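Every number for a ligand or one of its atoms is a count from 1 in the order of the listing. Just so you know, residue 1 is the first one in the sequence shown, and it goes up from there.
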Amino acid sequence: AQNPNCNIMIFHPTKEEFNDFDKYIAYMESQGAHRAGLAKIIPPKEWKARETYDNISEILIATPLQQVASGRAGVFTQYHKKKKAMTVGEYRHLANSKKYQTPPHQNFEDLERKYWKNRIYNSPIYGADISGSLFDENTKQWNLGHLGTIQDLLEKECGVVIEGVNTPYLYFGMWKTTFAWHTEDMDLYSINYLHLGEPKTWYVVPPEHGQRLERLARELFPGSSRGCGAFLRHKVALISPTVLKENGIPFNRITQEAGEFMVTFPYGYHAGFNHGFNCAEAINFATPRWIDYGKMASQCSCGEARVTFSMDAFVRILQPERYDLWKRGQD
Ligand SMILES: O=C(O)CNC(=O)C(=O)O
Ligand SMILES: [Mg+2]
Ligand code: NI
Ligand SMILES: [Zn+2]
């Protein structure tokens, strides 16, 4: 069995290997990459996402989200307070202001210590989930707006044609902006490209051990667990590495830098934080190996998780027994 310790693997494809996206994902899996839940892909030196980032300041963040924490430093939830619209140029200036800028630090490890010590005492503002793309249309390799769609994959594997679309999303971050512990909708893959700016630190639980994280989360967030049998779908709960180690939960960590891709694999729980002003692009995708995970994915039916139009068909076809209850949670 490849990668039996479930370590995060780092790949360096050549320009030739970068041509065929599906083939490269299957390659990485042949080497055991999925066992970690997360992999890093460093593009060949010849590749670029676009020519420059000099002209992005007029992109609108219609609903910036202020991430307000409650709890203790290593075990907290966050809620998202909506703020007034602002442009990327306005947000960048805000991120660089004395109130929000990255503090002085020695290295990534020191910054990670500071994040876990101090996150809860601040409320950073995140531009998340903005439909759009920063890939040049002429970038032919690993262009996250030109991937094969999940609807087409389900149709190819299962024969059923379904409605829905699959487009990328932009994320504009600042120091301490936080992504809570989650798997993807329908336990899909994700791919994330850090276009510019400061790093993003990731934490991940191997898919084979995801239920250990879920059981800890039910212990640590007992009211939320009574409210919903899949409350991590709400994407609000944070647990620090120190707390995970105290409770014996298997996990790994890695820092993504600008110019790097990360892939999350089906049922790989992940969480993390941004180091400073940055912009990332991410999208979900599927492969044949996903289908079995999609059929078994948990679902939130309490009303909180509320998701895209396109998840309807995935539930309806892969999880017909759950469909009626889930759809009630959508309405
Ligand atoms: O970058 C972020 O804030 C969160 N991204 C992801 O969870 C991802 O790409 O799957
Ligand atoms: Mg612009
Ligand atoms: Ni994710
Ligand atoms: Zn719920």
Angular separation of SG (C302) and SG (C228) seen from the Zn ion (ligand 4), to 10°: 120°
Under-2.8 Å protein N/O/S neighbours of the Ni ion (ligand 3), ordered by chain then residue number: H182 NE2, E184 OE2, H270 NE2
Stepwise salt bridge (charged side-chain N to carboxylate O under 4.0 Å, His left out) check, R316 with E163: CA-CA 11 Å; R316 195 169 70 248; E163 72 291 351; 2.8 Å; yes
CD/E109: more than 12 non-hydrogen atoms of other groups inside 6.0 Å: no
Where the Zn ion (ligand 4) is the vertex, angle from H234 NE2 to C300 SG to 10°: 110°
Whether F277 and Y91 hold their rings parallel, tilted or perpendicular, with breakpoints at 30° and 60°: tilted
Residues which pass salt bridge (charged side-chain N to carboxylate O under 4.0 Å, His left out) with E16, listed by chain and number, not counting sequence neighbours: none
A217 versus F231, closest heavy-atom pair with distance: O-CZ, 3.5 Å
Between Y189 and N284, a side-chain donor and acceptor under 3.5 Å: no
Cluster link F265 to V204, ILVMFWY, side chain under 4.5 Å: no
May I have the N/O to N/O pairs between ligand 1 and the protein that fall below 3.5 Å, each with atom names and distance to one decimal?
unit_1, atom_1, unit_2, atom_2, d
ligand 1, 1 (O), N192, ND2, 3.3
ligand 1, 1 (O), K200, NZ, 2.9
ligand 1, 3 (O), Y126, OH, 2.5
ligand 1, 7 (O), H182, NE2, 3.0
ligand 1, 7 (O), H270, NE2, 3.1
ligand 1, 9 (O), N192, ND2, 3.1
ligand 1, 10 (O), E184, OE2, 3.0
ligand 1, 10 (O), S190, OG, 2.7
ligand 1, 10 (O), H270, NE2, 3.2

Cluster check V160, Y323: I/L/V/M/F/W/Y, side chain < 4.5 angstrom: yes
Test item: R233 side-chain N/O and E184 main-chain N/O as donor-acceptor pair under 3.5 Å: yes
Which residues share a side-chain contact (heavy atoms from CB on, under 4.5 Å) with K117, sequence neighbours left out: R113
